[PDB]
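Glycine also receives a Cβ, built like all others from the backbone with ideal geometry; neighbour counts cover every protein chain displayed. Only the coordinates and a few stated rules stand behind these numbers; no lab work does.
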There are 2 protein chains.
Amino acid sequence: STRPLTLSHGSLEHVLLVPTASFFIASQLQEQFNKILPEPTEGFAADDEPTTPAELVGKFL
Amino acid sequence: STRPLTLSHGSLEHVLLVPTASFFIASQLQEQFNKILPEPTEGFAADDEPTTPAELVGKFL
């Protein structure tokens, strides 16, 4: 019994498979994480932001 | 333990229920399929493209 969570920023995203036992924890991290990083701009050249989906998971971790 | 894949083109899409055991195969088909067909144009009258979600699954098959 899993549940999808989409860690996303601009035009790239990663689908995270979150167990439903602890989703109320992970979904509140999703909102708190998606506000500190600035506004997306084509090329994603801003060093605070990820350029690739691999970097976005890194920024979350 | 299933996983959503969205076969999509323009304004119509079908959600495909892919088992997670073989998703690395199916997700690479999704990228290779979504590049050979041309750019969407309202009415979807182009014969290379689908007009209906039924045709889009047909084009994939």
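What the Kirkwood sum gives for chain B is a hydrodynamic radius of 12.3 Å, with every pair of different alpha carbons counted.
Based on the Cβ-Cβ distance from B:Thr52 to A:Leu12, what FRET efficiency comes out when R0 is 35 Å, to the nearest 0.05? Efficiency, rounded to the nearest 0.05: 0.75.
Counting only other chain Cβ atoms within 10 Å of each residue's Cβ, the peptide A:25-38 averages 0. Taking Cα atoms only, the orientation of helix B:24-33 departs from the longest principal axis of chain B by about 10 degrees. For A:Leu7, the residues whose modelled amide H falls within less than 5 Å of its own, excluding neighbours fewer than 5 places apart on the same chain, are A:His14, A:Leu16. What is the local net charge at A:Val57, summed over the other residues whose Cβ is closer than 14 Å to its Cβ (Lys, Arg +1; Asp, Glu -1)? Local net charge: -2. Cross-link partners for A:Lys59 among the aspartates and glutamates, with Cα-Cα distance under 12 Å and sequence neighbours closer than 8 places in the same chain left out: A:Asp47, A:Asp48, A:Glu49. Seen from A:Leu37, the other residues with C-beta closer than 13 Å to its C-beta sum to a net charge of -4, counting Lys and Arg as +1 and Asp and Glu as -1. In terms of surrounding Cβ atoms within a 10 Å radius of their Cβ, A:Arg3, B:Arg3 rank from fewest to most as A:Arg3, B:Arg3. About the Cα centre of chain B, how large is the charge dipole given +1 on each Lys and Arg Cβ and -1 on each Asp and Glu Cβ? Please answer in debye to the nearest 20. Magnitude of the dipole: close to 380 debye.
Based on C-alpha pairs under 8 angstrom that are at least 6 apart in sequence, chain B has a relative contact order of 31 percent. Amide H contacts of A:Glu49 (H built 1.01 Å from N, in plane; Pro and chain starts excluded): no residue 5 or more places away or on another chain comes under 5 Å.
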